[PDB]
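[1] In the first instance, please consider these chains from the complex; the rest will follow:
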Amino acid sequence: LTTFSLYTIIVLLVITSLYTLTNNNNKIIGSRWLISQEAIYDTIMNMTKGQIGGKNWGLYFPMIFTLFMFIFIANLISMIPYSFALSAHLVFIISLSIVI
């Protein structure tokens, strides 16, 4: 396989775990871990209502959320002291930038 493919899978698996065992089956009270992903929700909610505020502001809210979370996780994974940097394959980040 390809190293790039293997680490993209690792990123996907990191992201899945934050919404499938961080929580206590969606406990209303809120778990210590699930508080983190609440705060992330609120600071991008309140940021993208502030930036692209208007009649439509939430229509591009999933896109801005997965652009946050991708980079947020990929700047932790890329900083593990024995890990293959998807992001430092600059061409993927730059390609994504040019695409947007």
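    That came through fine. Residues are numbered from 1 along each chain as shown, chains lettered A, B, ... in the order given.

[2] Show me how far the helix or strand encompassing residue A:13 is from its chain's centre.
    Using DSSP states H and E, residue A:13 sits in helix A:3-17. The chain centroid and the centroid of helix A:3-17 are separated by 12 Å under Cα atoms, centre = their mean, to the nearest Å.

[3] Ok, stretch A:34-47 next?
    For stretch A:34-47, the separation from the chain centroid amounts to 12 Å (computed by Cα atoms, centre = their mean).

[4] Can you mark which positions in that stretch are buried?
    With burial defined by 16 or more other Cβ atoms under 10 Å, the residues of stretch A:34-47 counted as buried are A:34, A:44. Every residue, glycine included, has its C-beta placed from N, CA and C.

[5] Relative to residue A:26, how far out is the spatially most central residue of chain A?
    The C-alpha lying nearest the average C-alpha coordinate of chain A belongs to residue A:69 (Cα atoms, centre = their mean; 1.1 Å). Distance from residue A:69 to residue A:26, counting by Cβ to Cβ, to the nearest Å: 19 Å.

[6] onto the same structure, chain B please:
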Amino acid sequence: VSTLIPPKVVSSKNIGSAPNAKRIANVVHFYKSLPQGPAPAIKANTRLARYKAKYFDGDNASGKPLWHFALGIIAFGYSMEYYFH
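    With chain B added, the chains above now look like this:
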């Protein structure tokens, strides 16, 4: 002349006050309440529900799964160093 019939006609005091609305909510809500919840999710013994049970409890903000999970990625690529070297 005979007393009028207003005092005895009550059927618009059944929506007449605001807690009627609240009543019809909580006669359903509290009646369909369980004594304790269905289950909180903490374990299930899929052998990684145990991981959740030790680490990702409702009260565990302890950094141990992070450390463990970090160390896992360190174990991964370090072996891959020897796969490429």
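
[7] ok, back up a step: which ones are touching the residue nearest to the centre of chain A?
    A:15, A:40 (Cβ atoms under 8 Å, 6 or more residues apart in numbering or on different chains).

[8] Let's see that with 7 Å instead.
    With contact taken as Cβ atoms under 7 Å, 6 or more residues apart in numbering or on different chains, residue A:69 is in contact with residue A:15.

[9] Check whether the helix or strand that comes right after the helix holding residue A:13 comes near chain B.
    Scanning forward in sequence from helix A:3-17 by DSSP H and E, the next helix or strand is helix A:36-51. No. Helix A:36-51 is not in contact with chain B by Cβ under 7 Å from any Cβ of the partner chain; minimum separation 9.2 Å.

[10] Now do helix A:36-51: distance to the chain's middle.
    12 Å.

[11] show me what contacts residue B:49?
    Counting by Cβ under 7 Å, 6+ apart, residue B:49 has contacts residue B:43.

[12] Enumerate the residues of chain A near chain B.
    Going by Cβ under 7 Å from any Cβ, the residues of chain A near chain B are A:21-22, A:24-25, A:27, A:31-33, A:80-84.
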